[PDB]
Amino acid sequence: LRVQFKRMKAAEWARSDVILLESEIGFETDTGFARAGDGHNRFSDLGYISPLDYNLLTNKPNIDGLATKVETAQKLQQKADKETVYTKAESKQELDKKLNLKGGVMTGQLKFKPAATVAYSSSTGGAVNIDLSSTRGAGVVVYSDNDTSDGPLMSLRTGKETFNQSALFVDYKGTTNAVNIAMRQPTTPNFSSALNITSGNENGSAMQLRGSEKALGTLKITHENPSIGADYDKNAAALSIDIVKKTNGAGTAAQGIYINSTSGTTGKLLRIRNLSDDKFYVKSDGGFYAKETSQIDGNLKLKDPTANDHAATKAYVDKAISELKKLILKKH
């Protein structure tokens, strides 16, 4: 037996009315495929003579090891997109523009404009607050070696006439000078001062000074000759005073030097010395002493003499002449 089977093309079977007997094989001549009867279904309704079920395969691939789009996308959604996030490099670029508390160099203007909780009082207030209690360096060090400039090293301004605090307050304890101003020897000379003060306030002294020295002056002024030439400074003075009218004023009645003792002093009110030797002085009662010959271009009013070294008055001279003129009138 060489066995052959009912056979025709798939599509021919597809519209055949032939019922294969149970187990009877039929062959699709154009596919090579066989199908077996069940005794009732038409060919197109039989299944193939062998399994077509994925689970029955061998050498399956590892499907359960493969990543699902859903599961992958859930995991991606937890990850940060490149575009919503700075790189380390861009991060560093940004931070390098910010000032470290450890310190740094400002190349632009640092403004303060406090919103003000209270900005406190004492040594815990201030927009800028510097405590050097544990350290040996300076607080605010401002300098310039520039040739010229348009603004000062430091400037303090108050704008409103009611302003009821100071521009600068110095509260000092220590063993050297609270405030020290050194204007040192010019090469190119200025016509100006170490400290210059002007006040247009008529109800207050331009400068007020109180001290309580045991053996010194409240203000001590020393003039030093700028030259080795004995008389170069002949127009100089330790203290110079001028008394002027207002521009377009009619004049002035201001005094030059006014000295008082409100509690009363027993010291000399004015004491003038040269080489530490008294030369002139006004005692606490207003009597003066002068060491040398003196001149008045005018008269001197004074009391009649009682001691030999007293200046005589015209009254005293005249009376002594008149006395002698009488007495001598012994011509009866």
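If you superpose the two forms and keep the largest set of C-alpha atoms that fall within 1.5 Å, you have the rigid core. Throughout, we count residues from 1 along the sequence that is shown.
Taking the root mean square of CA deviations in 4 other deposited structures of this protein after fitting on the rigid core, 195-203 and 182-190 differ, and the farther of the two is 182-190. Note on 123-131 vs 200-208: mean CA B-factor is higher in 123-131.
Mean CA temperature factor is higher for 48-56 when stretches 48-56 and 302-310 are set side by side in the entry. In the deposited coordinates, the residue among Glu213, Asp81, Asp145, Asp233 with the greatest CA B-factor is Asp81. Each of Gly249, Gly159, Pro152, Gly174 has a CA temperature factor in the record; the biggest one is found at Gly249.
Among the modelled residues of its chain, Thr293 has a C-alpha B-factor that falls in the lowest third, as given in the PDB entry. In the deposited entry, the Cα temperature factor of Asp242 sits in the bottom third of values across the chain's modelled residues.
Placement of the Cα temperature factor of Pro189 within the chain: highest third of the modelled residues, per the deposited record.
Per the PDB record, residue ranking by Cα B-factor puts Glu28 in the middle third of the chain.
In the deposited entry, the Cα temperature factor of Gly103 sits in the top third of values across the chain's modelled residues.
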